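Novice: Got a structure for you, written out below as structure tokens; questions coming shortly.
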Amino acid sequence: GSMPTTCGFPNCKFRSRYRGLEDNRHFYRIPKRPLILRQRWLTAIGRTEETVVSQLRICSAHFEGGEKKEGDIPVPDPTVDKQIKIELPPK
Ligand SMILES: [Zn+2]
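Under the entry's author numbering, the final residue of the sequence shown carries the number 91; numbering is consecutive throughout.
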């Protein structure tokens, strides 16, 4: 990305956890597949669908493992909170 990316968390304690170097972490866009995963992604940020996706992005630091696939929802703190993940129906 060319623009200084700000994630859409109500309180990103991760880019603030760093001091001058946010690791330039992979800024994830909210998945659209599956749809229920996209829906779940809004839960982490406490946002709605008309209030998300456009500008809102998510730091890879909001994941236990830093990996977004198709069943991984962001969390406020993987080291404290409950990493929200889902079991996507196989095919
Ligand atoms: Zn963040």
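C-beta atoms are modelled at their ideal positions from N, C-alpha and C, and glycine is treated no differently.
Taking DSSP's pairing of strands, which residues face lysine 85 in a bridge?
Specialist: Here residue 85 corresponds to residue number 85 of the sequence shown, with the count starting at 1. Paired residues: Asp72.
Novice: Which runs of the alpha helix (DSSP H) fall wholly inside the segment 3-71 and span at least 4 residues, in chain order?
Specialist: 35-45
Novice: Indicate, with yes or no, if ligand 1 has a heavy atom lying under 7 Å from the CB of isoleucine 58.
Specialist: Within the sequence shown, the letter at position 58 stands for residue 58. Yes, Cβ of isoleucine 58 sits closer than 7 Å to a heavy atom of ligand 1.
Novice: Taking 8 Å as the limit between beta carbons, can you name the residues of its chain near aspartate 81, skipping five residues before and five after?
Specialist: Locating residue 81 in the sequence shown gives position 81, counting from the first residue. Closer than 8 Å at Cβ, skipping near neighbours: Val75.
Novice: For the putative contact between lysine 13 and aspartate 77, defined by C-beta atoms under 8 Å, what is the C-beta separation to the nearest angstrom?
Specialist: Position 13 of the sequence shown holds residue 13. Position 77 of the sequence shown holds residue 77. Correct: roughly 6 Å between the Cβ atoms.
Novice: Could you compute how far the alpha carbon of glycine 8 sits from the alpha carbon of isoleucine 86?
Specialist: As a working note, residue 8 is residue 8 in the sequence shown. As a working note, residue 86 is residue 86 in the sequence shown. The alpha-carbon atoms of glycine 8 and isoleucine 86 are separated by roughly 21 Å.
Novice: What is the rounded straight-line gap between the Cα of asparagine 11 and the Cα of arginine 47?
Specialist: Reading the sequence shown from its first residue, position 11 is the one you call residue 11. Reading the sequence shown from its first residue, position 47 is the one you call residue 47. Counting only the Cα atoms, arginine 47 lies some 12 Å from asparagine 11.
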